[PDB]
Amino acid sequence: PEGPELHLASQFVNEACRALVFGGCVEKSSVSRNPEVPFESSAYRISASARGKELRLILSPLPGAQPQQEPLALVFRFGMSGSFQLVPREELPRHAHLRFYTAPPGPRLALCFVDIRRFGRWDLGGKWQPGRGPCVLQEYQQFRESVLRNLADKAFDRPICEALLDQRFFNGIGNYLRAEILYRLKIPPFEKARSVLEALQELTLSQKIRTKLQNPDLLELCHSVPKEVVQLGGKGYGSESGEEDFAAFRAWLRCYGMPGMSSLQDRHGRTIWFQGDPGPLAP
C-alpha cells in the first residue's frame, strides 16, 4: 500500500469508531505470527492516525473502566492484502487476525484487521518505523527541507525513480505514485536523483504566483499528487463503494500500467512505468 490509502484508512477508523465503545480483550487469530496484544478494558475508545505507509491505532480506556489499563498504541503495516473492516459480530471475515469488540450498549460490532496473505504486521508501542522521514501528506515542509538538507547523502546517487521509494526521504511514496509523479514533469526515471533536485537547493506570494505556480517542482508533486488521491477516495474506504472508488482511481492514473507507456525493472525488481527516454542510468 501507499500513502493515500493509509491516510484514508485512518480516516475510516476514526469516523466509524467515534461513538463506539469497545470492551474486553484484543483477540488475535492463532495462526498469526504477529505479537499478542496485552490489553483488557471494560470500556475503551479506538482512534487512528497515519504517517507514510503506517497506521497507528490507540486504545484509550474510558474513565471508570475496569480493570486498570494504560492507553495502548499499535502501529500497523498493511502489506499486499492488509485492511481494516467494521463488521457485525456474527459475521467475522475468514482472515481477521486482530479483532476489537464493541461494548454492550448498542449493536455488536467488531473492528478487524483483515489480511489473507499475512504480509501485514503490527508492533506494540506507538513509535513509528525507525529512520523513516516526514510524511509527504501531513508533513510537507519538514519533508521538503529534510530532502534538501541531506542531498549529499549516498541515497541520491541512485536513479530518481529508486530514490522516490526510499522511505527515509519520501515516506509514503510507493510504486504507482512514483510513476505518476515522474510522468507529470516528464522526468526520465533513471536520471541521477541529485541532478533532478540540485536546482531546488524568500520569494513573496506575488513572485511565487508568477514563476512557481504553473511550474511545480518534483518535491511539490510528491505531496500534491498523493493528495489528489485522498480527495479522490473521499469517504469511500470501509464502505460498499469499493467498485466505484477503484473506477475513479483507474481514471485518475495517467501512466502506471497504462497502454503506450514503457516499463523497466529497478535494482529491486520493482517495475517502473514511464514515457519516452528511460534515462542515462537505465539497465
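Numbers follow the displayed sequence, beginning with 1.
Going from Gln201 to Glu202, you skip over 4 to 9 residues of the deposited sequence that the entry leaves unmodelled. The mean Cα B-factor in the deposited entry runs higher for 153 to 161 than for the other of 70 to 78 and 153 to 161. A summary of the deposited B-factors shows that, of 89 to 97 and 204 to 212, the stretch with the larger mean C-alpha value is 204 to 212. Across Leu232, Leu218, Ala247, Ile46, the greatest Cα temperature factor reported in the deposited entry is at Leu232. Set against one another, the Cα B-factors of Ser32, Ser42, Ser241, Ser224 in the record reach their highest point at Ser241. Ranked against the other modelled residues of its chain, the C-alpha B-factor of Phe169 as given in the entry falls in the middle third. Looking at the C-alpha B-factors along this chain, the one for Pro130 belongs to the highest third. Per the PDB record, residue ranking by Cα B-factor puts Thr271 in the highest third of the chain. Ranked within its chain, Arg254 lands in the highest third, by CA B factor from the PDB record. Per-chain ranking of the deposited C-alpha B factor places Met261 in the highest third.
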